[PDB]
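This document contains two forms of one protein chain, each encoded as structure tokens and listed individually as structure 1 and structure 2.
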Structure 1
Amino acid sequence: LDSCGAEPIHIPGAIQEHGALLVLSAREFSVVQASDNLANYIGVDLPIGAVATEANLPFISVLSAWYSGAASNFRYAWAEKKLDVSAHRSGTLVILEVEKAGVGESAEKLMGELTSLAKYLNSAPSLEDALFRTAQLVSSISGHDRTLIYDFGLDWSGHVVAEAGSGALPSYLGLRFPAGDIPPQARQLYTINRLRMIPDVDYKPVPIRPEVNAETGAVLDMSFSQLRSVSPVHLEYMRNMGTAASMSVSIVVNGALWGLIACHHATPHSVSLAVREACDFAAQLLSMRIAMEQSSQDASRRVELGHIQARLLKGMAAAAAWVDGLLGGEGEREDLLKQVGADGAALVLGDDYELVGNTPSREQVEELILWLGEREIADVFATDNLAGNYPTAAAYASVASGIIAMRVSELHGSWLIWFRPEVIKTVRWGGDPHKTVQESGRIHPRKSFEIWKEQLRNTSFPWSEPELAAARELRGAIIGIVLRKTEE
């Protein structure tokens, strides 16, 4: 259960103060909803149900032409009001937003800056150098007191891997922050909407009315609203961190959220639409370099584990008993361990326990199998910290802090379990990563982000996605080989 993750952040029915929002129906461009501050930004009152005309909205022919083409987002520089206008499509609606235009900016200056970044990335000595250059560029153009790059781990915790700034905020470079600082619905949203900005932590939310959109009969889906009012609890987190403004940018690599470029200010601070879009572009450029590196490594590992797989599957088929493809020689046993980069394995077939390499005792495995028995396992169970959910395991963390466990073969109660040892390491966090407080029925963030150091115990080197896949495929192979052998 995750109460943080359950907040419906995409439907707050309000926006921040630095702009206004209008919802139009696609066919007619009839005004279906509006933020309470609309007439202010645009100088004309649009009653609900009324038809936007060119007199109200000088850009409406451009909006019309945009609507029916391919571009996902509308942009229009409304010089007269010094407003930047943006829009997106949602169902049968157009959601239109306006904000103050940038001052003293040009497309041509931003293009030269991004071109230089692209060229630098297109050589790119090293990823580290690519990350620092990208943070420095974003810092230069956004004017924020701090810009960092936040790299997500397999558990959705993250480490600060690059940083630039004015000195007005603390340094978090090299620190880890827990998964729960960005809850899963926020992570999902941030996968599909790559930009956000909070220019003043203490804005007063501006209501969107009417509450119910008459075209849809539901509340407004603000997933792609740039002005969307943000979660109260995140604002509390910002206050606790001492950041009066933020802006972040998703780094999306091969369709998955790789990390964030996160920016903060010690006082209120906004960034123009053109500069936000340039920061997205910068993140995309960086993502291309990251991808080169990520995919080469991943693919190489899959090739490697494929070779080991081919040998195991061949020996399993050639042997009288499939198990001897795993246990029947020194190469077989070495390959068994290498298949997932483990240091040990138990093959448990009914009452026969066969321990290979470095394992817990028979007695420890039997207890572990009883413990596993009581869970639903789709294909494989994997953990890098078995003591975490199975405390009796702390007694054998030196050999089996990490496990991949799975049922195998045609016999219920037969398992293949791979083991990894504890690897102790010192981990420095931005504050106590267990510190969330429950109060008035809600989970609140920690108050301190001061370096919080631990000697991490009972935790193995993490299981990679190629190692998990290889486990799944081995499992599939064992049963398919068996099935076919049985046809005879």
Structure 2
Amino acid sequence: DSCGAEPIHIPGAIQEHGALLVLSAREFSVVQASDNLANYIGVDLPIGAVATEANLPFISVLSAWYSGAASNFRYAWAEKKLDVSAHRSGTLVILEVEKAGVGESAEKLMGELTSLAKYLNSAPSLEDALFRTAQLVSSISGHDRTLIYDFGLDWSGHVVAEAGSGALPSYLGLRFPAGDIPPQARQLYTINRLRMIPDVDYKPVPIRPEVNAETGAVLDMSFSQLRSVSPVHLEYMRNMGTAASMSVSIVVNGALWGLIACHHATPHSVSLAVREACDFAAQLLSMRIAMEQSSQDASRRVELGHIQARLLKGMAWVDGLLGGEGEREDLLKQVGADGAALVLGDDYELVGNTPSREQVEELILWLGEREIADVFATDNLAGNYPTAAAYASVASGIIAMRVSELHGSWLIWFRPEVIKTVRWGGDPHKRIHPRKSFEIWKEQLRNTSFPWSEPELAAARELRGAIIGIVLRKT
């Protein structure tokens, strides 16, 4: 990705809806500031000046915070009607100010948050849990759209939940390309779980001096809430017809699972408290996704565990896999397959729904001349072996694993073609600029089967280990 090279974490500028101040940990001395600082705190700070009580009324609370082991500082500056926040960046304190929450009770958030935390510890369906999470953020945020964006393995995303006022187009069930959120952006959103763009056509406020006197470097704005965004994304937002946006990162098992992406037809800001309330709903959803994944994976390994047990003691041999109706049923269910080919030399045994003997014969030749270490798995065989499109209907996906390289022996599982129409939020394929159109773009995905789960690949590799060793013993 060429767009993945832009350093979005060091723009040296912020958005209009707040001001930024950089203090030296030791002296609490002014090192850098936004040109709009004076406008917000009604007090001009020269670079080198030491922050006193006169300057900042909260200086004694900030000093006590920094000495502490709390990651972030938050203070309600009642006098100026400002929300003050700060984080640690090496030997620096990056302090940010924004207009305070203009009327909103904590029990308004607390009360509406409990309704979801209580809902999704009973541990219901995910879809329903996703929607409930989206529907909450939608309420407290007040955005014209609040959708949940689940990342795929290729880092393309599929909209799995949606709440809206009706002012913005509905994207529920739409798929978006990986380039919409480039790698370095995905990496930043993994560690920094919040971001807000109240106005797409904000005029960036420079931070001066450009070079920080303490570090001799530009400011690391990775954890700056006011950080000026990448122009290419603003251009993207303008094309989507979104004047304002806010997104919360859903981080599960240390990885970026998805986003709670909120958009608005016209400029729209959210209070520090409400933003933290949304980051908190994202963590509740995150806590649940992990458990259901953990339990569904556990249930699957138990289910395949019962099947493996019957096969392993059935062999203790090929009639342990091929014996009668029961043995062959277990062979296919072992990895949730519809067919299997057990090829031991020139002896072919086809179970359930398989390609022709000749077609399977040609597949083993194609596999043999490729570096197939333990097992080869794909849910789209046609993608690498175009010839396989002829029997896509019976074997769109396979798990192939050799049991005796010397004898040219293989156990291959087959999965049939599962046809589905992929709704794309515009044309995927089409300095790089964002696409102007986001109209439902449909493609018929052919020659692709249901994906192979990790429990299934684990069960496959385990049966291979049992077969290999028997053949080793017999030979």
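Superpose the two forms; the largest set of C-alphas matching within 1.5 Å is the rigid core. Quick note, the numbers are simply positions in structure 1, starting from 1.
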Next item on the list: Using the better-fitting superposition for each C-alpha, decide if residue 301 and residue 275 are in a common rigid part between the two structures.
Entry: no
Margin query: Using C-alpha superposition, tell me how many degrees the smaller rigid part swings against the larger one between the two structures.
Written below: 23
Note to self: Please report, in Å, how much the Cα atom of residue 296 moves between the two structures when the rigid core is superposed.
What the structure shows: 2.8
Item checked: Shift in Å of the C-alpha at residue 385 between the two structures after core superposition -> 6.2
Margin query: What does the CA of residue 335 shift by between the two structures after fitting on the core? Give it in Å to one decimal.
Written below: 11.2
